[PDB]
C-alpha cells in the first residue's frame, strides 16, 4: 500500500525527507528504493561528481597504509572477484580525494573504511559514494571524534546523568568512553554490526536525521551490558574494554526496533540543552567560540541553559522538569534568588556538615512534595546553580561531588549560574511566567 506510494513519490517531484518519512512510518525500506531514500536523507539528490575535475592518480605520503586497509575490507566481504577490482579503485580514490580536498592526513585508527561498507553494499557509482560519505562525515560524525576529545566527554556526561552508578565504576577503573566506543561513534556501529542490522540502524538513523541520536543508541548498548560490567570485578581493565567494544556486534535485526524505542525513551528524559548547547561538535569548530568557559573536559555533569529551566517547568505536560537548587551563601541568596529554588547553603558543607546533611534531607523532601503538588518548582531533575562567577563557584565541585557519590540520577548544573539568569531575563525583558502572581527573581 505505502510501497507503491513510495515508488511514485521517489520517481518525480523532488520531494523532501519530511514527506517521505510520513509514507514509510518506520516500516522496512525496499532494497531497490533504499539508495534513493538514503540519497534524499543525506540531501544528495543530483549532486555532481567531484572526482572528474580532480583528474589525479593516487599519490600520498600515507598512500601505502591506505592500500592495505582497502584490501582488508574487500577480502573480508569476499565479493565476486570478477568486478572486485572496480570497487577497490573507487574506495581508494574516494579516501585519497577526501584526504586531498581537506587538509587532514590518513591513519588506520580512523573509522572511514567502516562508513563505506553499508554504502558499498547498496552498490552506487563513485560520485554518489563520495557525496554520501562526505555528507555523513560533516552531518553525523563529530569533528574531534578521531582525537578522542569533547564528543566522548559529552557521552560520559550522558551516562552519568542516567546511570550514575555505572559511570562511577567506569571512571574509577579509568575506562573512558573513547576506549570502547571510538568506532561506535566513528563508524555508526558499521565497524561491529553485520550488513543487515547496520542497514536497519542506518535506515532509521538517516530517516530521523538527528546528529545526537547516536549518543542515545550508544547509551542503550552500554546499559544493556550494565549487569555484566558491575558483577565481574575480577577481569582487568583491558579485558572489560575488549568485551564492551564488541557488544554492538551481538545485535540482531529483531533487536533494532527496541533499540530505537529505548533510545527515544532515554532521549525524552534528557534536557533539550544536551543537543542545543553542543551543535559545535558536528558543524564547524568556529561556532562554539561564543560559548566561552564551557569545556566538556572540565565538566563534572551536564550543563542546562537557563532558558530551558524557565520554559520546561511552565509546560507541565509529562516533560523534563527541574528542581532548582540555589547553592550560593545566604548573603548572595537573600540579595536576589530564583523564587522557585531551594536554598542549599554551600557554606554549611564544611563549616557545619550535620546541618548541611539536614538541609540535603529537607531538599529531597521538598523535591518530593513539589512533584506531588504539581507546582512550578517541582521536577525530577536536580539542577544546581551558583553565582556564575568562576571566582566563587569552587563549592559547586563539592556540592556536585556530594550528590554524584550517592549515585543521584539527573544531576545537572545551571549554565552561567544566577548571573546568567539575570542576564537572560534582562535580554528578553521578562519578569515572570505568563500564569501566576510572581516574578522569577525575588528578594524573599
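Numbering follows the first chain given and starts at 1.
As listed in the deposited structure, the average C-alpha B-factor of 79 to 87 and of 217 to 225 is greater for 79 to 87. For the two regions 348 to 356 and 232 to 240, the entry's Cα B-factors average higher over 232 to 240.
Considering 246, 261, 268, 93 together, the PDB entry gives 93 the largest C-alpha B factor.
Per the PDB entry, 316 shows the highest C-alpha temperature factor of the residues 316, 362, 305, 278.
When all modelled residues of the chain are sorted by CA temperature factor, residue 288 is found within the highest third. Annotation for residue 184: CA B-factor lies in the middle third of the chain's modelled residues. Residue 272: CA B factor lies in the lowest third for its chain, per the PDB record.
Per the deposited record, the Cα B-factor of residue 391 falls in the middle third when ranked against the other modelled residues of its chain. When the modelled residues of the chain are ordered by their C-alpha B factor, residue 371 lands in the middle third.
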